[PDB]
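Peer 1: Got a structure for you, questions after.
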Amino acid sequence: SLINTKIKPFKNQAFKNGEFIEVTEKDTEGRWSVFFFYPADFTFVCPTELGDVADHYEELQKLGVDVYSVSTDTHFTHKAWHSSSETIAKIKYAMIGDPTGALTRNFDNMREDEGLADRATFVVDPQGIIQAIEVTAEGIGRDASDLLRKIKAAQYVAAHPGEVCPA
Amino acid sequence: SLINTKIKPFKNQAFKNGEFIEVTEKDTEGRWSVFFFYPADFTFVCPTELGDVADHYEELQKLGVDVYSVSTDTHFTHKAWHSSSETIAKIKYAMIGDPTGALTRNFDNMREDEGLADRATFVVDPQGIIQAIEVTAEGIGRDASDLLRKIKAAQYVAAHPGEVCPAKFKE
Amino acid sequence: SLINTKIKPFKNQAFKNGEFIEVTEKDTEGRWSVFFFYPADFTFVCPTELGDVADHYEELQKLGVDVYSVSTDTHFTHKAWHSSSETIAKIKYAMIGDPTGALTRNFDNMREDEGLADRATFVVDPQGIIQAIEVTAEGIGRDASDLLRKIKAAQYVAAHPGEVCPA
Amino acid sequence: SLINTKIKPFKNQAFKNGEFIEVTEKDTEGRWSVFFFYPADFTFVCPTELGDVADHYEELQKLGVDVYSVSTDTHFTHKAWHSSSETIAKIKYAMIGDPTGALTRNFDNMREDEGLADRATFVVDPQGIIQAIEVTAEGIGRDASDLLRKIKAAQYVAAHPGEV
Amino acid sequence: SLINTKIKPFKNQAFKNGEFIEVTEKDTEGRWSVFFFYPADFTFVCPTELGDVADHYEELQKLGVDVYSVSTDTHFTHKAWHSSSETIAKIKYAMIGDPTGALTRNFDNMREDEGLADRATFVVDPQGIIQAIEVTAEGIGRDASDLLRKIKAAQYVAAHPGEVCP
Amino acid sequence: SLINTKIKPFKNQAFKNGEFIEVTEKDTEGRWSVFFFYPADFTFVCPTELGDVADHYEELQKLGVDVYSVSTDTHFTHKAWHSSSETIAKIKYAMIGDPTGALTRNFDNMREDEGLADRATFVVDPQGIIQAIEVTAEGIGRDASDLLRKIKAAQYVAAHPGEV
Amino acid sequence: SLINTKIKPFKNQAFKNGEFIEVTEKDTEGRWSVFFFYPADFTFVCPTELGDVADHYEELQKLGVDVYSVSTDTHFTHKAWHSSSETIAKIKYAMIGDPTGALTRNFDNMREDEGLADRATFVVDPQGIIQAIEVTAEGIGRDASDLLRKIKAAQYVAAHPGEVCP
Amino acid sequence: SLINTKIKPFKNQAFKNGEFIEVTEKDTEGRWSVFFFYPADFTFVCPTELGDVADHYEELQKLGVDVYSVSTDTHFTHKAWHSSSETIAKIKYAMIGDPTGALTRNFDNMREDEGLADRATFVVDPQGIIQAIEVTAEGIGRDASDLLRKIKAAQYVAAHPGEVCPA
Amino acid sequence: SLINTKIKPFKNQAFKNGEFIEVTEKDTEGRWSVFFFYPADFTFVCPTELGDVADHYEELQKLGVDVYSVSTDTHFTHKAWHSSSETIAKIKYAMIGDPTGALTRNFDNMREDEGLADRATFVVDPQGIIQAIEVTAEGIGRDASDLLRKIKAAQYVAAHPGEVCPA
Amino acid sequence: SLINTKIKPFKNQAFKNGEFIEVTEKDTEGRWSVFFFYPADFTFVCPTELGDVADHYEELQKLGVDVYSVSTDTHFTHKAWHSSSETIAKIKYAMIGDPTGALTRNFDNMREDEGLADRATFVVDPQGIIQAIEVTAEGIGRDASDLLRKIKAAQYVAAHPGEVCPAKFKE
Ligand SMILES: [Cl-]
Ligand SMILES: [Cl-]
Ligand SMILES: [Cl-]
Ligand SMILES: [Cl-]
Ligand SMILES: [Cl-]
Ligand SMILES: [Cl-]
Ligand SMILES: [Cl-]
Ligand SMILES: [Cl-]
Ligand SMILES: [Cl-]
Ligand SMILES: [Cl-]
Ligand SMILES: [K+]
Ligand SMILES: [K+]
Ligand SMILES: [K+]
Ligand SMILES: [K+]
Ligand SMILES: [K+]
Ligand SMILES: [K+]
C-alpha cells in the first residue's frame with residue numbers, strides 16, 4: 001500500500017462553494033489533507049459518505065484539515081450535482097474533478113477498465129506523508145467519525161514522538 | 001486522418017430515451033452511423049450542437065442513420081443533463097459515456113492533457129468505413145444542416161458508384 | 001485529429017498567377033491560412049471545389065486569409081492545368097506542388113497506397129494552430145461557403161476570448 | 001489498492017491455541033477471513049490491537065469469520081509471545097508466521113526497508129475477494145469495533161446486492 | 001547497380017493510345033521491355049527524349065520490344081501532356097504513372113528529396129533480367145538509336161548464348 | 001565462496017546483555033570478529049551451538065575476538081529468547097537481528113525458500129577480510145573448539161606470514 | 001543509381017605507362033574523370049572495350065578527361081596483361097587494381113558472389129559528381145565514341161549552366 | 001553458499017594409485033563424497049592437509065566415503081607429485097586434475113585472477129546434496145578428524161530424520 | 001589457430017594442367033591436402049615457394065597428398081602466369097582462384113587491408129582435420145622439404161595411434 | 001592467423017635458472033621473442049621439443065632472441081619438472097606458467113575443452129609484431145633448427161627492407 005509514502009504533484013480543477021478553483025500539491029503543504037475518492041457523480045451510494053464528511057467538516061477545519069473529494073468526473077459535473085442533490089449541496093469543501101485520472105493514478109486508485117476511482121480515503125500530513133488509508137467495496141460505508149478518530153490520533157503522534165496511542 | 005478506414009470494436013454504456021443500454025460496434029453494422037464527440041456535459045457550446053442534431057434526428061432516422069453522441073462523462077451524467085437541460089431533453093438518440101477514453105481514443109480524438117474528446121464528427125457507412133470527418137476548435141459549433149448534406153452525399157455515392165457529388169449537394 | 005496542433009515547417013514550389021514561387025511555413029506566420037488538399041490534377045471532382053474557393057478568394061483576402069491548394073503533383077502540372085481548365089484558370093491563390101508528399105504527410109493526409117492526398121481542408125490561425133479540419137470521401141465535394149463561415153467563427157473567438165460561437 | 005481482487009495462493013505455518021498448523025488459501029475458501037498484519041512480536045508497545053480483536057473473536061466466529069494475524073516473525077516466536085504476554089495469551093485465532101515475507105508481499109504489505117509488515121487489515125469474502133482494506137501508520141490504532149461494523153456491512157451487501 | 005537482376009512486381013495505371021490501362025510485371029513476361037524513366041511531365045528536356053524513342057517505336061515493336069515510359073506523375077497528367085504537346089502526342093507506347101513512387105524505387109531510381117525519377121533507361125529480357133542500364137543527369141539527353149543498338153546486341157547474346165559482342 | 005573478500009557495510013539492531021545497541025561494520029574495524037548465523041530463535045532444538053560459543057566467549061574476548069550471532073529474527077525476539085532460555089541467557093555477546101535479511105545476504109547466507117539464514121560461521125580479521133568459513137546442514141553441529149583453533153591459527157599466520 | 005552524387009575517397013595502386021603509381025580521389029579533383037570497370041584481366045570480351053577507349057584516349061586528354069580502368073585484379077596482373085596482349089598494350093591511361101574491392105564497392109559495382117566488377121562506366125565532373133552512367137551485361141560491349149559524345153554533352157551543360165542538351 | 005544444493009555434472013581425469021582414471025558425477029551417485037580443493041601441486045601447505053586425509057582414508061572408506069582431491073593442475077602433475085613427495089605418496093584416493101576449471105567453477109571455488117582453486121572442502125551425500133562446507137585461508141589448516149566428525153553426524157541425521165544431534 | 005578444426009565447405013575455379021576445373025571440399029574428402037596460400041600472382045617471392053612444392057609434388061602424390069595453391073587472383077590469371085613463368089610452368093597441381101576471398105576467409109587468412117592472402121600453409125588429413133599450420137611474414141619464404149617432413153609425421157601418427165613423433 | 005599483429009600485454013610468473021620472476025610484455029620490447037607453447041608438463045613429446053630449443057639457446061641469445069616457453073601449468077610445476085627431467089634441466093630460458101589461460105588466449109592458442117595450449121610457436125620482432133607462426137598437432141614435434149632459420153630470415157628482412165628471403169634460408 002501507499003502507507004508512509006509522499007504524495008505526488010498534481011494540478012486539478014475543483015468546485016468549491018459556488019466557485020471554480022485550481023488545486024495543486026502546493027496547496028497541501030503545511031496542512032493536513034483528506035483525499036476522499038469515489039467512483040461517479042449522480043450515483044446513490046457516494047453521497048451519504050460525502051455528506052457524512054460534510055457534517056464533520058467544521059470540525060475538520062478546526063483541526064486544520066482540508067478535504068478534497070475526488071472522482072474522474074469534471075468540476076462542471078460536480079457543480080451540477082451540488083445544485084441538484086440536497087445531500088451534496090451541503091458540501092463546502094473542494095470537489096476536485098479528475099477527468100485525466102492523473103490524481104487518481106497518483107494514489108494507485110484507478111479501476112482501469114472502468115475509468116472510475118475506487119472508494120479509497122487517504123489521510124496526508126503537513127509533510128506530504130500518507131498516514132492512514134481506507135478502501136471499501138460499494139455498500140460498506142466509510143464512517144466519518146472513525147475518520148475523525150484516526151486523524152486526531154495521527155495529529156497526536158506527530159505532536160508526541162516516542163509516545164504512541166494504540167487501539 | 002482516419003478517412004476511409006474501418007471503425008474499431010468498442011463497448012460502452014449509454015443513456016437513451018430514459019434507459020441505460022450497451023452499445024458496441026456490432027450495433028452499427030449494416031447501418032449508417034454518426035459518432036458525434038463533444039468535450040464535456042454541463043458546459044456551453046455543446047448543447048446547441050447536440051440539440052441542433054436532435055432537431056434533424058427524425059429526418060436522419062428515415063435515412064437509416066443512427067446517432068451516437070460521445071463524451072468522456074459517464075452515462076449517469078448524461079441522464080442527469082438530459083433531465084436538467086431543456087435542450088438536452090429533446091435528444092432521442094443514444095448518449096454514450098466514454099469514461100475510460102477507449103472509444104474516444106479509437107477515433108484518435110482525445111485531448112490527452114484534458115481527458116476530454118475534441119469536437120469531432122465521424123460519418124460511418126454500413127460497412128464500417130469512415131466517409132466524412134469534421135473537427136472544430138473549442139469555440140466553433142457545428143452545423144447539423146451541413147452534416148445532413150454530407151450524409152446524403154455519402155449515401156448517393158454509395159448508391160451510384162459510377163458517379164460523383166461535387167461542391168454543395170442538392171437532391 | 002490534428003486539431004489544435006501547430007503546423008510543421010515545410011518548403012514547396014507553387015504555381016501562383018503565371019509564376020513559380022516558393023512557399024514555407026514562414027509565409028503562413030502571422031496570417032490565417034487554408035490548406036486545401038485534393039487528390040490529383042486533371043481529374044473529375046476537384047475543379048468545382050477549387051473553383052468555389054476561388055469565387056470566395058476576394059473576401060478571403062479581405063479577411064486576411066491566405067489559401068494554399070495542395071496536391072502531390074508538381075507545380076509544372078499545376079501551371080498546365082491552370083491553362084487548360086477555365087475553372088482552374090480563375091485561381092489566383094498559390095497552387096502548391098507536393099511531389100515528395102512531405103507537406104501532405106505533415107498534415108497526416110496521404111493515401112499511402114495511391115500517393116495522392118485525401119480531400120482535407122485545414123484552417124490555420126496566425127500562430128500556426130490548426131482550428132478546423134474537414135475531410136471527405138473521394139466522391140464528396142466540399143462547400144466553400146461552409147468553410148468561410150467556419151473561418152469567420154474562428155476569427156471571432158480569436159478576437160473575443162471570453163466568448164464562443166454555435167452554428 | 002488491492003480492493004476487489006482475489007487473494008493469492010499461500011502456504012504458511014501458524015500457532016493456534018496450543019498447536020502448530022499449516023494454513024493455505026484453501027482454508028479460506030467458503031469463509032469470511034480477516035488478515036490482520038502487524039510489524040513485530042515482543043515489542044515495547046502494548047499489543048492492544050491484537051487483544052482487541054481477540055475480545056471480538058467470539059462474535060467474529062459467530063458470524064462465520066476467521067481471523068489470521070500475520071507478521072514476518074516465525075510461528076515459533078508466536079508460540080513464545082503467546083506464552084509470555086497476558087494480552088497475547090487470550091488470542092485463540094491463528095497467528096501466522098511469514099519469514100519469507102511471501103504472504104505479506106501477496107498483500108503488497110511489506111515495509112521493504114524494515115523487513116516488517118505494515119499495519120494493514122484485509123477483509124476477504126468466501127470467494128476470496130478483498131472487500132475492505134485498512135492501513136495505518138505506527139502509532140495509529142486499529143479499532144476492532146469499526147472492523148466488526150465493516151464485516152457486517154460486507155456480509156449484508158453480499159446477501160442483498162443493490163439494496164440502497 | 002541493378003545490372004543482371006530480376007525486376008520486381010508492380011501494378012500501375014498508364015496512358016496509351018487514347019485509353020487508360022493497367023500494367024503489371026505479368027505484361028512484360030516473355031517480352032523485351034524498355035523502362036524509360038524521366039523526372040516530370042510538362043517540362044523542357046524530357047519530350048525530345050521520348051519523341052526520339054517514339055520515332056523508333058514501330059521498329060522496336062517488330063523486335064518484340066515493349067516500351068514503358070515512367071514518371072511520378074499520374075496517368076491523368078500523361079494524357080493531358082499527350083494533348084497539349086506536339087512532341088508527346090506522337091507517343092504510341094505506354095506512359096506509366098508512378099505517383100506512389102513504388103515502380104521508381106523498384107529500380108532504385110528515385111531522387112528522394114524531389115519525388116521525381118532520374119533519367120534512367122532499363123532494358124529487360126523476357127526472363128525479367130536487366131541487361132542494359134543508362135543513366136544521365138538532368139542536362140544530358142539519351143539517344144534512341146544508341147538504345148536500339150544496345151538492344152539488338154542484348155538479343156544476339158541471348159539467341160547465341162556463349163558468345164559476346166563489342 | 002566468499003573466502004578472502006572484505007565484508008560489506010551493514011547496520012543492524014542487536015541485543016547485548018541487557019540493552020539494545022546498533023552494530024555497523026565500523027564496530028568490526030581493528031578487531032577479530034565472528035559472524036555466527038543460525039536459522040531461528042525459540043525452536044524445538046536445544047541451542048547447544050550458541051551456548052557452546054558462549055562457553056568459549058571469555059577466551060575469545062581474551063584473544064581480542066568479538067562474537068555476533070545473527071538470525072532473521074528481530075532484536076526484540078532475541079531479548080525475549082535470552083530471558084526465557086537458560087542456555088541463551090548465558091550469552092554475553094551481541095545477538096544481531098536481521099529482519100530485512102540484508103546482513104544475511106551480505107554473507108550470501110539466506111535460505112531463500114525459508115527466509116532464514118543457513119548455519120554459517122564467518123571469521124573476519126581486523127581489516128575486514130574473511131579468513132575462514134564453515135557451513136553445515138540442519139542437524140550437523142558446529143564445534144566451538146574447532147572454531148577456537150581456527151581463529152588462533154588465523155591470528156598466527158597474520159602475525160607470522162609465510163612461516164611453514 | 002549513383003547518378004548526381006559525389007565520389008567517395010579511395011587509394012589504389014595502378015599500372016600506367018610502364019611504371020606503378022598511386023591513385024586517390026585527390027588526383028581527380030579539378031578534372032573530368034572516367035572510371036571504367038570490367039570483370040577480370042586475361043579474359044575475352046574486355047580488351048576491345050579498353051582498346052576502343054584507348055583509341056580515343058589522346059582525344060580525351062585534350063578535353064581534360066582522365067581515364068581510370070578498374071578491375072579487382074592487382075596492378076601486378078595489369079602490367080602482365082599489358083605485355084602479353086597486343087590490344088591491352090596500347091593502353092596509355094591508368095589501370096587501377098582493386099583487390100580489396102573497396103573502389104568497386106564505392107561505385108556499388110561489385111558482383112558479390114564473384115568478386116568481380118560489373119561492366120559499368122562512370123563520368124565524373126571536376127567537383128567529383130557523377131554525371132553519366134552506363135552498365136551492360138557480360139555480353140554487350142561499350143562503344144567509346146558514344147562515351148565521348150556523352151562527355152562533351154556533360155561538359156556543355158556545366159560550361160553553359162541553365163541549359164540542356166538532347 | 002552452496003549448502004544444500006545438488007552437485008553439478010563433471011567429467012575429469014584423475015590419478016589414483018598408479019592408475020589414470022576418469023571420474024564423473026555418476027561415480028558419486030549412491031555414495032558419500034568429499035571434494036577436497038586446494039590451489040596447486042608442488043607447494044608446501046596443501047600436503048599435510050592432504051596427508052591428514054590420507055591418514056583417515058581407510059576409515060572414510062569403511063564409512064562408505066569417497067575422497068577426491070581437486071586442483072587445476074593436470075592428472076599428470078598429480079602423478080609426478082605423488083612420486084616425489086613422501087607425504088603425497090601416501091595418498092590412495094583419486095587426485096582429480098581440473099585444468100579447464102569446470103569442476104572448480106561448479107563449486108563456485110575459482111580464484112579467477114589466479115586460475116587456482118580456493119582451499120575449500122565439500123561433503124556430498126548419496127543424493128548429490130552438499131551437507132557441509134569448509135573454506136579456510138592459507139595456513140589455517142583443515143583438520144581431517146573434524147571432517148570425520150561432521151561426516152558421522154551427516155550420516156547419522158540421514159539415518160534418523162526427525163532426530164538431530166547439535167554441537 | 002585453426003589447428004585441429006575441420007575445414008569449411010568451399011567451391012572455387014582453378015587452373016590445373018592447361019584446363020579449368022572446379023574444386024570443392026568434397027574433392028578433399030578421404031585425401032590428404034595441402035592448402036598453400038600466397039599473396040599475389042606475378043609478384044616477387046611466391047615463384048620459388050610454389051616451384052619447390054612442385055619439385056616435391058611427385059612424392060606428395062605418391063603419399064596420397066593433394067596440393068592446392070590459393071590466391072585471391074582469378075583462375076584466368078593463374079593460367080596466364082603458368083604460361084609466362086618457367087617456374088610457375090612446372091606446377092601440375094591445382095591453382096585455385098579465390099577472388100571472393102571466401103576460401104581464404106574460411107582459413108582466416110585474409111589481409112583485410114590488402115585483399116590478398118597471407119603466406120600460410122595448411123595440412124588437412126582425410127577427415128578434414130587441420131593437422132599443421134605455417135604462416136610467415138611477407139619477406140620470408142617457406143621450405144617445401146620441412147613441409148614434406150611434417151606431412152610424413154602426420155601420416156605416421158594417423159597410422160600408429162598410440163605413438164608420437166618429435167623432430 | 002595473428003601474422004603481422006602486435007602481441008597483447010600480459011603478466012605471468014615464471015621459473016628461470018633457479019628463480020621465480022615476473023614476465024610482462026614490457027620485458028619483450030626492443031627484443032626478439034619466441035613464445036613457445038606446449039600442452040602440459042610431465043608429458044611426452046614436449047621435452048624433446050623444449051630440449052631441442054635449449055640446445056640452440058646459446059646461439060639464439062647471440063641473435064638477441066629471448067625464449068619463453070608457455071603451458072597452463074604453474075611456475076611451481078615448471079620448477080619441479082626442471083628438477084626431475086634431465087632434458088628439461090638444461091633449459092636456461094624462462095618457463096612461464098599460464099594457469100589463468102590469459103597469455104595462451106592472447107595468442108588465440110587455447111584448446112578450450114582441455115585447458116591446455118596447442119603446440120604453437122610465435123616469433124616476435126622488437127616492435128611487437130608477430131613475424132612467423134608454427135602450429136602442429138599433438139603428435140607432431142617441432143624442429144628447433146628450422147625455427148632458427150626463420151628467425152634469421154626475419155632479422156634479415158628487418159635489416160634490409162629493400163629485399164626478400166625466398167624458400168630455404170642460407171646465410
Ligand atoms: Cl494504497
Ligand atoms: Cl481523423
Ligand atoms: Cl487530422
Ligand atoms: Cl492495498
Ligand atoms: Cl542501377
Ligand atoms: Cl561463502
Ligand atoms: Cl549506379
Ligand atoms: Cl559455497
Ligand atoms: Cl590458424
Ligand atoms: Cl594464429
Ligand atoms: K470522465
Ligand atoms: K506526382
Ligand atoms: K524473518
Ligand atoms: K523477518
Ligand atoms: K583479385
Ligand atoms: K593449470
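Identifiers in this document derive from the order of the C-alpha cells: chains are assigned A, B, ..., residues are numbered from 1 separately in each chain, and ligands are numbered from 1 in order of occurrence.
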Return as a CSV table (one decimal) with N, CA and C atoms, in the first residue's frame every polymer residue, whether protein, DNA or RNA, with at least one atom no more than 12 Å from an atom of ligand 7; count only C-alpha atoms and all ligand atoms.
Peer 2:
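Listing of selection-v4.csv after writing:
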chain,number,residue,atom,x,y,z
E,1,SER,N,25.1,-1.6,-59.2
E,1,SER,CA,23.9,-1.3,-60.0
E,1,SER,C,23.0,-2.5,-60.0
E,2,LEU,N,21.8,-2.3,-60.5
E,2,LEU,CA,20.8,-3.4,-60.7
E,2,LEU,C,21.1,-4.3,-61.9
E,3,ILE,N,22.2,-4.2,-62.5
E,3,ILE,CA,22.5,-4.9,-63.7
E,3,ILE,C,22.4,-6.4,-63.4
E,107,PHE,N,13.3,0.2,-59.2
E,107,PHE,CA,14.5,0.4,-60.0
E,107,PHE,C,15.6,1.3,-59.3
E,108,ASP,N,15.4,1.5,-58.0
E,108,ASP,CA,16.3,2.3,-57.2
E,108,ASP,C,16.6,3.6,-57.9
E,109,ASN,N,15.5,4.3,-58.4
E,109,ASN,CA,15.7,5.4,-59.3
E,109,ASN,C,15.0,6.7,-58.9
E,110,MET,N,14.7,6.8,-57.6
E,110,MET,CA,14.0,7.9,-57.1
E,110,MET,C,15.0,8.9,-56.4
E,118,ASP,N,15.1,9.7,-61.8
E,118,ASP,CA,16.3,10.2,-62.5
E,118,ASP,C,16.1,9.7,-64.0
E,119,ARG,N,16.9,10.3,-64.9
E,119,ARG,CA,16.9,10.0,-66.3
E,119,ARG,C,17.6,8.6,-66.5
E,120,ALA,N,16.9,7.5,-66.3
E,120,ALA,CA,17.5,6.2,-66.4
E,120,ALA,C,16.7,5.3,-67.3
E,121,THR,N,17.4,4.5,-68.1
E,121,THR,CA,16.7,3.6,-69.0
E,121,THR,C,17.1,2.2,-68.7
E,133,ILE,N,21.7,-0.7,-68.8
E,133,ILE,CA,21.3,0.4,-68.0
E,133,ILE,C,22.0,1.7,-68.4
E,134,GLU,N,21.2,2.8,-68.6
E,134,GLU,CA,21.8,4.1,-68.9
E,134,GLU,C,21.2,5.1,-68.1
E,135,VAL,N,22.0,5.9,-67.3
E,135,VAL,CA,21.5,7.0,-66.5
E,135,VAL,C,22.3,8.2,-66.8
E,136,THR,N,21.6,9.4,-67.0
E,136,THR,CA,22.3,10.6,-67.3
E,136,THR,C,21.7,11.7,-66.3
G,1,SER,N,20.1,4.8,-58.7
G,1,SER,CA,21.5,4.8,-59.1
G,1,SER,C,22.3,5.9,-58.4
G,2,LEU,N,23.6,5.8,-58.5
G,2,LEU,CA,24.6,6.8,-58.0
G,2,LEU,C,24.6,8.2,-58.8
G,3,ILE,N,23.7,8.3,-59.8
G,3,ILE,CA,23.7,9.5,-60.6
G,3,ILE,C,23.7,10.7,-59.7
G,4,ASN,N,24.4,11.7,-60.2
G,4,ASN,CA,24.5,13.0,-59.5
G,4,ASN,C,24.9,13.0,-58.0
G,5,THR,N,25.8,12.0,-57.6
G,5,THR,CA,26.3,12.0,-56.3
G,5,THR,C,27.8,12.2,-56.3
G,6,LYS,N,28.4,12.5,-55.2
G,6,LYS,CA,29.8,12.8,-55.1
G,6,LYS,C,30.6,11.4,-55.0
G,7,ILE,N,31.8,11.3,-55.6
G,7,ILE,CA,32.5,10.1,-55.4
G,7,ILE,C,33.1,10.0,-54.0
G,104,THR,N,35.5,-0.6,-56.1
G,104,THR,CA,34.4,-1.1,-56.8
G,104,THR,C,33.1,-1.0,-56.0
G,105,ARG,N,33.2,-1.3,-54.7
G,105,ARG,CA,32.0,-1.1,-53.9
G,105,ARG,C,31.6,0.4,-53.7
G,106,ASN,N,32.6,1.2,-53.7
G,106,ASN,CA,32.3,2.7,-53.7
G,106,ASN,C,31.3,3.1,-54.7
G,107,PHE,N,31.5,2.4,-55.9
G,107,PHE,CA,30.6,2.7,-57.0
G,107,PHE,C,29.5,1.6,-57.1
G,108,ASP,N,29.2,1.0,-55.9
G,108,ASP,CA,28.2,0.0,-55.8
G,108,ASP,C,28.2,-1.0,-57.0
G,109,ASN,N,29.4,-1.4,-57.4
G,109,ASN,CA,29.5,-2.1,-58.7
G,109,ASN,C,30.2,-3.5,-58.5
G,110,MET,N,30.0,-4.1,-57.4
G,110,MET,CA,30.7,-5.4,-57.2
G,110,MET,C,29.6,-6.5,-57.3
G,118,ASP,N,31.1,-5.2,-62.3
G,118,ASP,CA,30.3,-5.3,-63.5
G,118,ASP,C,30.8,-4.3,-64.5
G,119,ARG,N,30.3,-4.5,-65.8
G,119,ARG,CA,30.8,-3.6,-66.9
G,119,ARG,C,30.1,-2.3,-66.8
G,120,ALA,N,30.6,-1.4,-65.9
G,120,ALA,CA,30.0,-0.1,-65.7
G,120,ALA,C,31.0,1.1,-66.0
G,121,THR,N,30.5,2.1,-66.6
G,121,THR,CA,31.3,3.3,-66.8
G,121,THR,C,30.7,4.5,-66.1
G,122,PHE,N,31.6,5.2,-65.4
G,122,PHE,CA,31.2,6.4,-64.7
G,122,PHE,C,31.9,7.7,-65.1
G,123,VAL,N,31.1,8.7,-65.4
G,123,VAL,CA,31.7,10.0,-65.8
G,123,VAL,C,31.6,11.0,-64.6
G,130,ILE,N,29.1,12.5,-60.3
G,130,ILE,CA,28.8,11.5,-61.3
G,130,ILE,C,27.7,12.1,-62.3
G,131,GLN,N,28.0,12.3,-63.5
G,131,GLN,CA,27.1,12.9,-64.4
G,131,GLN,C,26.6,12.0,-65.5
G,132,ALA,N,27.2,10.9,-65.7
G,132,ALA,CA,26.8,9.8,-66.7
G,132,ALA,C,27.1,8.4,-66.2
G,133,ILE,N,26.2,7.5,-66.4
G,133,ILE,CA,26.4,6.1,-66.0
G,133,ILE,C,26.0,5.2,-67.1
G,134,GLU,N,26.8,4.2,-67.4
G,134,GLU,CA,26.5,3.1,-68.4
G,134,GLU,C,26.9,1.8,-67.8
G,135,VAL,N,25.9,0.9,-67.8
G,135,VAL,CA,26.2,-0.5,-67.3
G,135,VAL,C,25.6,-1.5,-68.3
G,136,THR,N,26.4,-2.5,-68.7
G,136,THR,CA,25.9,-3.5,-69.6
G,136,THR,C,26.2,-4.9,-69.0
Peer 1: Near chain F, which residues of chain H fall within 9 Å when you count only C-alpha atoms, and what do they look like as a ChimeraX atom specification?
Peer 2: /H:1-4,44-45,107-110,118-120,130-143,146,150-151,153-154,156-157,163-167
Peer 1: Mind pulling up the distance from atom CA of residue 145 of chain J to atom CA of residue 51 of chain J?
Peer 2: 12.0 Å
Peer 1: Could you pull out the residues in chain H that DSSP calls alpha helix (DSSP H) from the backbone, as a VMD selection string?
Peer 2: chain H and resid 46 to 55 57 to 62 75 to 84 86 to 89 102 to 106 144 to 159
Peer 1: Please give me, as a PyMOL selection string, the residues lying within 6 Å of ligand 14 when counting only C-alpha atoms and all ligand atoms.
Peer 2: (chain D and resi 72-73+99+115) or (chain F and resi 72-73+99)
